[PDB]
Amino acid sequence: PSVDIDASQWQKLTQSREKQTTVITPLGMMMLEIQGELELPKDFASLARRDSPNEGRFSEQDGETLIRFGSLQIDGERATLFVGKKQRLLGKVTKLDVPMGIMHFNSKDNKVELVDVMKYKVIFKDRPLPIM
Amino acid sequence: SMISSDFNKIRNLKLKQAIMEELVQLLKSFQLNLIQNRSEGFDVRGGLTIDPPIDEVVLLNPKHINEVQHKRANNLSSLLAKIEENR
Amino acid sequence: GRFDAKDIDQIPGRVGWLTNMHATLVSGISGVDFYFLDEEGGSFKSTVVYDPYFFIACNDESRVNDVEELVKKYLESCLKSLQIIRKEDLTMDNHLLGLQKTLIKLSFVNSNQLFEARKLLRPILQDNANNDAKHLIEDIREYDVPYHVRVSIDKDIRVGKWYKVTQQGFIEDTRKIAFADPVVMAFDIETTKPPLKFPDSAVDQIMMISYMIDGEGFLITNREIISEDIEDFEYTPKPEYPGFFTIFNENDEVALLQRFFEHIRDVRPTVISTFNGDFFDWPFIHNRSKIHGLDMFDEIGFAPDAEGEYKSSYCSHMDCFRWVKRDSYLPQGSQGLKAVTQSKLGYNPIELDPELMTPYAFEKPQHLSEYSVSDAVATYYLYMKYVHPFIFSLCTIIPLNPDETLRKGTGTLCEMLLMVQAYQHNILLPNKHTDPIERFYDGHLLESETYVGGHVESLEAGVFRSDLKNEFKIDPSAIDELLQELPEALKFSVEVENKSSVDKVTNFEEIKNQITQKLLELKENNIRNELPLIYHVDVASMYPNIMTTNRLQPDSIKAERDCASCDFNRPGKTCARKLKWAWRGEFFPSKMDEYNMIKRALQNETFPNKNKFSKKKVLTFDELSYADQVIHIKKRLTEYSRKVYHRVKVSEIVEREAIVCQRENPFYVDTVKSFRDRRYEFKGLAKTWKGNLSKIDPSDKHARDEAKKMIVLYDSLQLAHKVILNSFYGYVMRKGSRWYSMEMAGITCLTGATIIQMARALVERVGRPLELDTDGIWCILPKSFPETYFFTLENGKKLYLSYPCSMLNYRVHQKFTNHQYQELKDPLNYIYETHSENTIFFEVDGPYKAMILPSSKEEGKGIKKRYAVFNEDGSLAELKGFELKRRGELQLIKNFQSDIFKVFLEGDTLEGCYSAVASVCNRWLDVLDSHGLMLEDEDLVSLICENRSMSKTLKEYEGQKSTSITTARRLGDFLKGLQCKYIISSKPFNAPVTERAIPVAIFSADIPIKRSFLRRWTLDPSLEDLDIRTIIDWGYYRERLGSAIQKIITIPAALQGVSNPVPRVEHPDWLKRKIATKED
Amino acid sequence: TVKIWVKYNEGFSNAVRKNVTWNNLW
Amino acid sequence: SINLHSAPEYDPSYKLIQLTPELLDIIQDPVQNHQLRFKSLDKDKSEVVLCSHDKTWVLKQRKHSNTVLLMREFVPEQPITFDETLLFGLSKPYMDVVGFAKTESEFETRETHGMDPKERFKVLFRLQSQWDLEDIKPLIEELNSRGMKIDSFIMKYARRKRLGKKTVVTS
DNA sequence: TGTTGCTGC
DNA sequence: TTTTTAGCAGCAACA
Ligand code: SF4
C-alpha cells in the first residue's frame, strides 16, 4: 500500500504568515515532555461534576470535561508549570536541534495531513516541588 | 578395581559416559552409597568415601592404599555428579 | 643459509603477529604454543621448545666443582643437564668492577622435573639454615619464574608484536606497527530468576544470548521462556555505534546453547569479550550445558582455570569488568555497565529492573530483547574503543598473553618489565621478599611498620570564584626574593623547560620588564581585595621524577657495610648520596618480658589442627606453625595491652637516613628514564599525528582511517608507558614482590612532602593555597599576578611561559637537583662521569571558574580530598568525595546533588553564589518539611527510596543483620546481588534504623497483604492508615538532607567566615563556638 | 479533586529504535 | 499566562516525525509533483519508507519513557474564570491551550537505496584454492553492506596471504 | 573525648 | 597463590 502526505495547507499558511517569533507558533501549538508518568483519574465525567463552582478545576467545554491541571508562566528562557495544588515544575525553553513535525493520519479517507512543524520545546528535568 | 580405574586415560567421552552409567548400576546393585566425609574441617577437600567401606576389606597392601585413594577421589566426584544427575 | 634479520623476505618459514601464547607439553618436553592472528592469514600456531632451568648459588667459589659433583649425583633422577655460568649480582661486593657471581645452571626436560629438583633441594637449604659439599649450597635462584614468561623473556617474543617464526627462533619484524584485526565476539546473557533473589544455574534457564561479531549484532532466544518470535531490528544508540541485530528464535534452552556453540565454531573468534562473564555468564552457560549433558570444553575449547576464570587456548577472554576495576580510573560507584557506558561511550544504555526481566519474557519480550542487545552493544564498543587497544599495546612490552595482561595486578606488570631489563643486562634476579613473621622495636612487638606517605593539607574551606573578590596579604619579602630570582628563573624557562638558548629569544627583556612591573606593583600594594585566578599546580609524574632525579632503586640502597666494602669508597667520595625518610612503627605497649610471659601462657594451651583428612585433632603451641604461634600471641597481647596500658597500640615516627649509591649498575633507573622518554616520544608523535589528522583533505574514507587507528594506538602506548611508570612508583612497596624496597619508598615520599611544602610556603606568601594533595596544590592568586607569556624565537616560533609554574620549577631545581648523579661512560674501563640531574617539574592547570571546599563539624579541622571544580564554560571539571555517582544510596540526595552542583556557577560574589545555592537548599527542605504531601505518591517513593545491593546472600546473610539484611529478610517473608529498595518507617518509636527498614514493594501490594506486613513491621496492631506519608520517618530524611547541606554548603561559607546562607540547617556546636570566638 | 501528580522518574531513558509496520500507524 | 487543560480522549492519529534540514528544504518546496508519500510493499511484514520526488528514507520508530503532551491553543466557547490558588507569578490569562495528544515515539528517517558469509567464502575458496584480488572483489560485494575494507570482507572467513607482488586468498 | 574498625576515596 | 604505597572522611562502638 501507499499514501501521500498532504502538506499544502501548512505550507501555504507558512509562506503567507511571518516567521515564528516566540515558543508558540502562529497557529497556536506547544509540546511538553515530563520525566515521569502523569497520574490522572481513570474517569472524568463523574468527577468533573463534583468539583465545587468556585474552583473550576474540572470545567466543561462543548460537552467535553476538561481538567484544569496547571498554569504556565514564561519568563524569558525560564518557564514554570504549576500543577494542581501541590506541584511546581521548573523548566526551560530549548531550541530543537531537529525541528519536530506533527502530522495526522486520516484512516477514514486514507489521507495524511501535515499539521505543523515545531522548533522549541519546554522541558522539566527536576523533581516536582510544592507550588510555593 | 573397577571403581579405582583411571578414567582420565579415556579420551572418548561417550565410552567414559557408558562406563560411568554401568558403574552407577553396579553401585546401585551392591547398595554402595557415596558419602561426602566433610570431616576435613577446613573447607578444602572433603574426601568422598564409599559406605560400606569396601576398601578396608579388599586393600591388604599399604602401598596400594595410597595410590588407590588418590585415584578414587577424582573418580568418586565424577560418579557422585553422575548419581546426582540421574537423581 | 646465513641468518641475517635484514634479509627477512628471503628468510624462510612465515611472518605473523603473535596474538596468543600458552605453555604446553609436546611429544613430554616443555614448549610454548604461539597463535598468530598473522598477516594475511586467518591464523596458524607454532611451537618453541625450551629447557626449564634455575640456578644454585655457592658460598665458596673455590669449591663449585665439589657442589657440581654432589648435585649431578643427588638430582640424577630428574636433571637433564648442568652448566657453570656467571651473572651480575647487585648484592655482591665490588660487582661494579665486573665481578660476577658463579652459579650452577640446572636444566630440565619439563617443568615437573624442575619441581621435583626443588623438592629434593629445599630440605638441604632448611638443614643448612637451622643447624661437607652440602653446606656449600647457599640458596636456589630464579626457581619461581613462570615457564611461558621464561620463554617470552629468553626469546624476546611479545604479544602485540610481529614475529617471523623460523628454525632458529622468533625474529621481531619492525615495518608493521599496526595490529591485525582479530575476529572479536562480545556477548551478554539474560536468565530467569525468582522474585527478590539472584539467578541460580541449577534451576533458572537462559532466556536469551545477545552478541556482536565485528559490528554485526545477533540475538538467540529460548522460546520455552520468550513468548513471541522476535524480528530483526536496529539498536544504534549513536551513529558511531551501529547495531543491526539478526535473530535466532530457538525452540528450547539446549537449541539456544547448541546455536551459540555452533556460531562460535563458524566465526572462530580469537577474542571473546563480556562484562563480568568470569563470574556470571560463563559459570551459568557451563552449568546449564552440564545439566543438558553438553561439554563446553569439547564444544568450544572453554574451561574454568585454577582461579575459576574462563579461558581457552586459541581465544582470549577479555572481561571488560577487569579493565573497568583496574585501569578505567572510574570510582567503584561508576563501575557497573550503565555508568561505564555513560562515562566512556557517552550515551545512556536501555535500563530494565531485574525484577521485571522474567515477567517481560512473557508480557513484553520485544522490550526485553531491546535491553539485552543494548548490553551487548555497550560491551562490544567498550571493548573495541578502550580495552582492545590498551591490552594489546601492553602485551607488546610485557612478557604475558592478553588474559594475564588484563587480569594480573599492576605491580606484577612492573615485576615482568624489571625481569626483562635485569635479564637483558645479565643481572641475577633476587628471590621474592618474605615479610618477617614478627619484628621488635625497643623490645616491643611490632603490629606493623611503614613510612610517612604523601603530605595532604586542607587549608581553607569556602566558595572561590573568578568573578567574586578575595582579600590577599602578599609578603613583600617574597616579592623581593622573586624579583632577585626573576632573571635566572626566565633563563631556566628557556634553557631547561623549553630546551632552547636565550640567545635565540628576541623579546627576553620585554617579558622580564612586564613581569618586573607586576611584581613591583604587588610589593607596594601588598594588601589587595581583587578577583582571584583559581589554579592547580601539580608535579608531572612526581614519584617517578623524584626516583630518576635521585637515582633511587632497591639496587642501590646500601648499608654502611656494603659501602665500606666497595673499592670506590675513598676520601673525597661523591657517589654516596645520603637521603632522609620517616619510618613509622605501630607496636604493642607491652615489653619483651610481658611478650615472653604471654608465650609461656600459650605453651600451656591446646590448639585445633587445621588438618582435614588428617587425624591428630589437637596440637601443642610449639607444634603450630610459627605464623600461627604469632597470630595467637598477637591476640593475647591485644587483650593484655588493653588491660594493663589502656591502649592496644603506640605509634612512633623516627627520621632515618639511608645511602643511595650513584656508582651502582644502572638498570632500574635506566628503565625508568628510557620508559619516560619513550612515553614523551609518543606524546610527541600523538601531536604530530593530530596535525596530520587535520592538515589533509576531508574525504574521511580515502585510506586515512588507518591513520586514525594508529593515533588511538600511540595514545594507547602513551597511556601504557604512563601506567607502567606510575606503577614502578608503587610496585616498589609491593609486599611479596621482588626488588621490594620499603626504604626507597620512604625517601621518595619524604622528598615529595618536602617539595610540596616548599611550593606551598611560596604560594602562601604571594596568594592563598586552598588544598594540597601529595603532588598538587590548589590555590588562588591575585588577578593582577604575572601569568602566561610567550617568548619569540628568531625563527618566529613561540615558546610558552607560565610564571607561577616556572618560579616554582626554578626553586625546585636550585634545592632538589642531584649534583652527585654518576653514569658509566666507559664500560671497559669502569669510568664514571658526574653530572647534575633533575626531572621534577610542576605543570599548571587552569584558570578555573569556581572551586568549592567543605569544612569539618570539628573546630579548626578542614576536610581533605573533597572538592568540586568548574571550567570557564561552567562544565564540572573535577570533583572529590561526594555521593550520587554511587550505586544505590538515597535518591533524594542524588537528585539534590544533581541540582546543586551546576548552581555554584551562579552569582557574581562568593556570598551571591552561596545565596543562589541556598535557594535550591530551601526548595529541597520545603519538600521534606511539607511531608512531601505534594507531587505523586510513587515519585515520593522513588526519591525517599534508598537502594542497597547485597554481595552474595546465602550464609553471608544467615550471618550479619541490619537494614538491607532486614529489607532482604522482609522481601523473603513477603514474596547474590539482590537490590534492597527500602524506606525508613517512623514506628516502632525508639527502635534502631536497621529494624525500621521497610521494602518499597509492599506499597504496590494488595491492601490485606500491605496491612498485615505494615502492622507486623511497625509493631502497631491498630494501624488502619496505610498512606506512605504517615509510615515515613520524615525526621530521618530531614537529618540526611541537613547533613548533605552541612557538608556541601553551610560549611564552605561558614568555614570561610561568610554568614550561614541556609539558617534552616544550623551549624554544629563546635563551629558556632569557632565563629563566636572569631568575631569576639 | 487534588489527586493529580507526576510520579518522578529518577533518570531520562530513551528506548530502542523499532521498525514500523503499516499496522503500527493504523 | 496560558491555562493548560486536558481532554478525556486523545486522537492517536497524531504522530511525531523528525525533520532533518534536508527534509525541511523538501517540505518548503511547492514546485514538486509529489511532495512526500509513505510506501510499503505489504501491510504486515515489510518496512515502511518515506519518499520524496527523488529520494527515499526508511522510517524507524523510537520509543521513549517520557510522557509527551502536545498542546494546541483553543478559544473557550464560554467565558471561564478560574480561582486563584497559592500560585505565584501569574499574569492575566490571554489564551488557552489543551493537551490533545500523548505521544510515546518519534519517526526517524535514514537514507536507503530504493547469503551465509562462511558458506559463501567456503564455496569461493573451493572452485579455486588460491584467488586473485580484483577477481575476488565483485564476488564478495554481496555479503556486508557495512562498507568496509574489502580485505576485512574477505577475512570474515577466507584469509589473505601475500608474496612478491601478488596477494592470494586461501583459508 | 579519643581510639579503632571498615569502606572508599 | 597472588598480592603497588600512604593519608584521610566519617559512621559507629566503646575505652
Ligand atoms: S658509595 Fe661508592 S664506595 Fe660506597 S658502595 Fe656506593 S659506589 Fe661503592
# chains A, B, ... in the order shown; residues from 1 in each chain; ligands from 1
>>> residues_around(residues="residue D:20", least_positions_apart="3", cutoff="9 Å", atoms="only C-alpha atoms (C1' of nucleotides)", output="PyMOL selection string")
(chain D and resi 23-25) or (chain E and resi 46-48+59-61+107)
>>> write_last_selection(atoms="N, CA, C and O atoms", output="mmCIF file, in the first residue's frame")
data_model
loop_
_atom_site.group_PDB
_atom_site.id
_atom_site.type_symbol
_atom_site.label_atom_id
_atom_site.label_comp_id
_atom_site.auth_asym_id
_atom_site.auth_seq_id
_atom_site.Cartn_x
_atom_site.Cartn_y
_atom_site.Cartn_z
ATOM 1 N N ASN D 23 0.426 -1.435 10.118
ATOM 2 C CA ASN D 23 -0.488 -1.561 11.241
ATOM 3 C C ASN D 23 -0.023 -0.732 12.430
ATOM 4 O O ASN D 23 -0.834 -0.425 13.307
ATOM 5 N N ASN D 24 1.277 -0.427 12.501
ATOM 6 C CA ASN D 24 1.795 0.414 13.572
ATOM 7 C C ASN D 24 1.218 1.811 13.467
ATOM 8 O O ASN D 24 1.007 2.478 14.485
ATOM 9 N N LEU D 25 0.948 2.267 12.244
ATOM 10 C CA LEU D 25 0.394 3.595 12.056
ATOM 11 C C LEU D 25 -1.101 3.566 12.311
ATOM 12 O O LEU D 25 -1.637 4.428 13.012
ATOM 13 N N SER E 46 6.608 -5.973 5.520
ATOM 14 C CA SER E 46 7.682 -5.143 5.007
ATOM 15 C C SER E 46 7.808 -3.820 5.759
ATOM 16 O O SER E 46 6.897 -3.363 6.449
ATOM 17 N N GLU E 47 8.986 -3.225 5.625
ATOM 18 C CA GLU E 47 9.332 -1.947 6.219
ATOM 19 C C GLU E 47 8.528 -0.840 5.553
ATOM 20 O O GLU E 47 8.038 -0.983 4.430
ATOM 21 N N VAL E 48 8.382 0.280 6.253
ATOM 22 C CA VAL E 48 7.734 1.456 5.686
ATOM 23 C C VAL E 48 8.784 2.517 5.389
ATOM 24 O O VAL E 48 9.657 2.815 6.223
ATOM 25 N N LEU E 59 11.807 4.513 7.591
ATOM 26 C CA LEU E 59 11.336 5.005 8.871
ATOM 27 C C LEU E 59 11.626 4.030 9.998
ATOM 28 O O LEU E 59 11.532 2.814 9.831
ATOM 29 N N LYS E 60 12.034 4.581 11.134
ATOM 30 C CA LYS E 60 12.279 3.804 12.340
ATOM 31 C C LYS E 60 11.651 4.548 13.505
ATOM 32 O O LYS E 60 11.968 5.711 13.755
ATOM 33 N N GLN E 61 10.784 3.870 14.226
ATOM 34 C CA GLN E 61 10.126 4.441 15.382
ATOM 35 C C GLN E 61 11.014 4.238 16.585
ATOM 36 O O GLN E 61 11.684 3.211 16.718
ATOM 37 N N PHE E 107 9.483 9.288 14.729
ATOM 38 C CA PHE E 107 9.839 8.592 13.497
ATOM 39 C C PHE E 107 11.104 9.140 12.842
ATOM 40 O O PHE E 107 11.082 10.205 12.222
#
>>> interface_residues(of="chain C", to="chain A", cutoff="7 Å", atoms="only C-alpha atoms", output="JSON, numbers by chain")
{"C": [927, 934, 935]}
>>> residues_near_ligand(ligand="ligand 1", cutoff="8 Å", atoms="only C-alpha atoms (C1' of nucleotides) and all ligand atoms", output="tab-separated table (two decimals) with N, CA, C and O atoms, in the first residue's frame")
chain	number	residue	atom	x	y	z
C	94	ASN	N	81.72	-5.26	45.20
C	94	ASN	CA	82.54	-4.88	44.04
C	94	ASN	C	82.09	-5.44	42.67
C	94	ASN	O	82.87	-5.41	41.72
C	96	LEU	N	80.40	-3.81	40.58
C	96	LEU	CA	80.67	-2.61	39.76
C	96	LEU	C	82.09	-2.55	39.13
C	96	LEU	O	82.38	-1.61	38.38
C	556	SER	N	70.39	-0.01	44.91
C	556	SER	CA	71.46	0.88	45.41
C	556	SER	C	71.38	1.01	46.93
C	556	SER	O	72.45	0.87	47.56
C	558	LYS	N	72.36	1.08	49.98
C	558	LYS	CA	73.47	0.34	50.59
C	558	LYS	C	73.57	0.61	52.09
C	558	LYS	O	73.36	1.74	52.54
C	560	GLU	N	76.09	0.85	55.58
C	560	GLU	CA	77.47	1.30	55.83
C	560	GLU	C	78.50	0.19	55.52
C	560	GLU	O	79.57	0.51	55.02
C	562	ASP	N	78.27	-2.47	53.09
C	562	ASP	CA	78.43	-2.65	51.64
C	562	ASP	C	79.13	-1.43	51.01
C	562	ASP	O	79.98	-1.55	50.13
C	563	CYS	N	78.83	-0.23	51.53
C	563	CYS	CA	79.55	0.98	51.14
C	563	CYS	C	81.03	0.92	51.57
C	563	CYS	O	81.89	1.31	50.78
C	564	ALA	N	81.36	0.43	52.77
C	564	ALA	CA	82.74	0.25	53.26
C	564	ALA	C	83.52	-0.83	52.50
C	564	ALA	O	84.72	-0.66	52.29
C	565	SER	N	82.86	-1.89	52.03
C	565	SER	CA	83.45	-2.96	51.22
C	565	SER	C	83.73	-2.57	49.76
C	565	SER	O	84.49	-3.26	49.07
C	566	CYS	N	83.14	-1.47	49.27
C	566	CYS	CA	83.25	-1.00	47.89
C	566	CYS	C	84.58	-0.27	47.60
C	566	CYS	O	84.90	0.73	48.24
C	567	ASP	N	85.33	-0.70	46.57
C	567	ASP	CA	86.63	-0.11	46.17
C	567	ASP	C	86.56	1.35	45.67
C	567	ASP	O	87.57	2.04	45.58
C	568	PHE	N	85.36	1.85	45.37
C	568	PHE	CA	85.14	3.26	45.06
C	568	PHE	C	85.00	4.16	46.31
C	568	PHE	O	84.88	5.38	46.18
C	569	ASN	N	85.02	3.59	47.52
C	569	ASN	CA	84.90	4.32	48.78
C	569	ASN	C	86.25	4.89	49.24
C	569	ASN	O	86.94	4.30	50.08
C	570	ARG	N	86.61	6.05	48.70
C	570	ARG	CA	87.82	6.81	49.06
C	570	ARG	C	87.51	8.05	49.90
C	570	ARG	O	86.35	8.50	49.91
C	573	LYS	N	84.91	10.89	48.35
C	573	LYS	CA	83.83	10.24	47.57
C	573	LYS	C	82.57	11.10	47.43
C	573	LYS	O	81.93	11.49	48.41
C	574	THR	N	82.13	11.29	46.19
C	574	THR	CA	80.88	12.00	45.86
C	574	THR	C	79.69	11.06	45.61
C	574	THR	O	78.55	11.49	45.72
C	575	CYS	N	79.93	9.77	45.36
C	575	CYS	CA	78.91	8.81	44.91
C	575	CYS	C	77.94	8.30	46.00
C	575	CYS	O	77.04	7.52	45.69
C	576	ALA	N	78.14	8.67	47.26
C	576	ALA	CA	77.30	8.26	48.38
C	576	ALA	C	76.30	9.38	48.73
C	576	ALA	O	76.56	10.20	49.61
C	577	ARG	N	75.17	9.43	48.02
C	577	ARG	CA	74.11	10.42	48.27
C	577	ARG	C	73.30	9.98	49.49
C	577	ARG	O	72.64	8.95	49.46
C	659	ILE	N	71.82	5.46	52.47
C	659	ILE	CA	72.87	5.77	51.49
C	659	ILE	C	72.41	5.27	50.12
C	659	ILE	O	72.25	4.07	49.92
C	660	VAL	N	72.24	6.19	49.18
C	660	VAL	CA	71.88	5.92	47.78
C	660	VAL	C	73.15	5.95	46.93
C	660	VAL	O	73.69	7.02	46.64
C	661	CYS	N	73.64	4.77	46.55
C	661	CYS	CA	74.79	4.62	45.66
C	661	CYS	C	74.48	5.19	44.27
C	661	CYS	O	73.63	4.68	43.55
C	662	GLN	N	75.42	6.03	43.83
C	662	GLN	CA	75.34	6.61	42.46
C	662	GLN	C	76.17	5.77	41.48
C	662	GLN	O	75.93	5.92	40.26
C	663	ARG	N	77.11	4.94	41.97
C	663	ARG	CA	78.05	4.18	41.09
C	663	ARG	C	77.47	2.79	40.78
C	663	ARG	O	77.98	2.15	39.85
C	664	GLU	N	76.44	2.37	41.52
C	664	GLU	CA	75.80	1.07	41.39
C	664	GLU	C	75.21	0.91	39.98
C	664	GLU	O	74.80	1.89	39.36
>>> residues_around(residues="stretch 23-35 of chain A", least_positions_apart="2", cutoff="9 Å", atoms="only C-alpha atoms (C1' of nucleotides)", output="PyMOL selection string")
(chain A and resi 17-21+37-38+93+95+116-127) or (chain D and resi 6-13) or (chain E and resi 65-74+97+99)
>>> atom_distance(atom1="atom CA of residue C:472", atom2="atom CA of residue C:1047")
26.1 Å
>>> atom_distance(atom1="atom CA of residue C:362", atom2="atom CA of residue C:336")
26.8 Å
>>> atom_distance(atom1="atom CA of residue C:444", atom2="atom CA of residue C:595")
8.2 Å
>>> residues_around(residues="residue B:20", least_positions_apart="5", cutoff="9 Å", atoms="only C-alpha atoms (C1' of nucleotides)", output="list in words")
residues 15, 25, 78, 79 and 82 of chain B
>>> write_last_selection(atoms="N, CA, C and O atoms", output="PDB file, in the first residue's frame")
ATOM      1  N   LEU B  15      32.380 -43.309  25.595  1.00  0.00           N
ATOM      2  CA  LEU B  15      32.799 -44.533  26.280  1.00  0.00           C
ATOM      3  C   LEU B  15      32.979 -44.286  27.781  1.00  0.00           C
ATOM      4  O   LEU B  15      32.531 -45.089  28.592  1.00  0.00           O
ATOM      5  N   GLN B  25      25.116 -48.328  37.942  1.00  0.00           N
ATOM      6  CA  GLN B  25      24.255 -49.504  38.068  1.00  0.00           C
ATOM      7  C   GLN B  25      24.845 -50.547  39.024  1.00  0.00           C
ATOM      8  O   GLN B  25      24.106 -51.056  39.866  1.00  0.00           O
ATOM      9  N   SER B  78      33.299 -37.558  40.134  1.00  0.00           N
ATOM     10  CA  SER B  78      32.640 -37.757  38.841  1.00  0.00           C
ATOM     11  C   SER B  78      31.429 -38.696  38.950  1.00  0.00           C
ATOM     12  O   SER B  78      30.390 -38.446  38.341  1.00  0.00           O
ATOM     13  N   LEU B  79      31.538 -39.768  39.743  1.00  0.00           N
ATOM     14  CA  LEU B  79      30.458 -40.731  39.985  1.00  0.00           C
ATOM     15  C   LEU B  79      29.328 -40.089  40.794  1.00  0.00           C
ATOM     16  O   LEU B  79      28.164 -40.271  40.448  1.00  0.00           O
ATOM     17  N   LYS B  82      27.368 -37.836  38.527  1.00  0.00           N
ATOM     18  CA  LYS B  82      26.505 -38.676  37.683  1.00  0.00           C
ATOM     19  C   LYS B  82      25.310 -39.258  38.443  1.00  0.00           C
ATOM     20  O   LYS B  82      24.205 -39.325  37.903  1.00  0.00           O
TER      21      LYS B  82
END
>>> residues_around(residues="stretch 3-6 of chain G", least_positions_apart="2", cutoff="6 Å", atoms="only C-alpha atoms (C1' of nucleotides)", output="PyMOL selection string")
chain C and resi 411+453+730-731+733-734
>>> interface_residues(of="chain C", to="chain B", cutoff="12 Å", atoms="only C-alpha atoms", output="number ranges by chain")
C: 202, 287, 290-295, 297-298, 608-617
>>> interface_residues(of="chain E", to="chain A", cutoff="8 Å", atoms="only C-alpha atoms", output="VMD selection string")
chain E and resid 1 to 8 13 to 21 27 to 28 30 34 to 43 65 to 74 76 to 78 81 to 83 85 to 91 97
>>> write_last_selection(atoms="C-alpha atoms", output="short mmCIF file (atom, residue, chain, number, x, y, z; two decimals), in the first residue's frame")
data_model
loop_
_atom_site.label_atom_id
_atom_site.label_comp_id
_atom_site.auth_asym_id
_atom_site.auth_seq_id
_atom_site.Cartn_x
_atom_site.Cartn_y
_atom_site.Cartn_z
CA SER E 1 -0.43 33.29 31.27
CA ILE E 2 -1.93 30.35 29.38
CA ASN E 3 -4.16 27.82 31.14
CA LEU E 4 -3.31 24.18 30.33
CA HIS E 5 -6.25 21.75 30.01
CA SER E 6 -6.57 18.09 29.02
CA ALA E 7 -9.32 16.21 27.20
CA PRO E 8 -10.51 12.75 28.35
CA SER E 13 -3.63 9.62 14.59
CA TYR E 14 -1.21 12.41 15.52
CA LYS E 15 2.42 11.18 15.42
CA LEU E 16 5.84 12.86 15.61
CA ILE E 17 8.36 12.60 12.73
CA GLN E 18 11.88 14.06 12.94
CA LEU E 19 12.54 16.64 10.21
CA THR E 20 16.19 16.95 9.17
CA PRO E 21 17.38 20.21 7.45
CA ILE E 27 8.96 20.41 2.80
CA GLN E 28 9.21 24.05 1.85
CA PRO E 30 5.87 23.99 -3.73
CA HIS E 34 4.65 14.58 -5.47
CA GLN E 35 5.75 16.03 -2.17
CA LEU E 36 6.02 13.01 0.12
CA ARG E 37 4.49 9.56 0.21
CA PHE E 38 4.52 6.71 2.71
CA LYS E 39 5.22 3.45 0.90
CA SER E 40 5.35 -0.21 1.86
CA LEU E 41 5.48 -3.46 -0.08
CA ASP E 42 2.80 -5.06 2.09
CA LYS E 43 0.74 -4.30 5.15
CA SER E 65 9.99 6.57 28.51
CA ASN E 66 8.58 10.06 28.99
CA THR E 67 5.09 11.50 28.91
CA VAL E 68 4.99 13.85 25.93
CA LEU E 69 1.92 16.07 25.62
CA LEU E 70 1.21 18.27 22.61
CA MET E 71 -0.99 21.29 23.38
CA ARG E 72 -2.99 23.25 20.84
CA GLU E 73 -4.39 26.70 21.51
CA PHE E 74 -8.13 26.91 21.86
CA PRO E 76 -13.13 28.53 25.18
CA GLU E 77 -16.72 28.51 23.92
CA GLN E 78 -17.99 30.11 27.08
CA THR E 81 -12.94 32.06 35.26
CA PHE E 82 -10.60 30.03 37.45
CA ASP E 83 -9.96 30.53 41.14
CA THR E 85 -4.68 29.13 44.36
CA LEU E 86 -1.40 29.89 46.19
CA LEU E 87 0.30 30.30 42.76
CA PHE E 88 2.98 32.97 42.37
CA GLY E 89 3.96 34.75 39.19
CA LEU E 90 0.69 34.61 37.27
CA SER E 91 -0.15 37.07 34.52
CA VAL E 97 -4.16 25.56 25.30
#
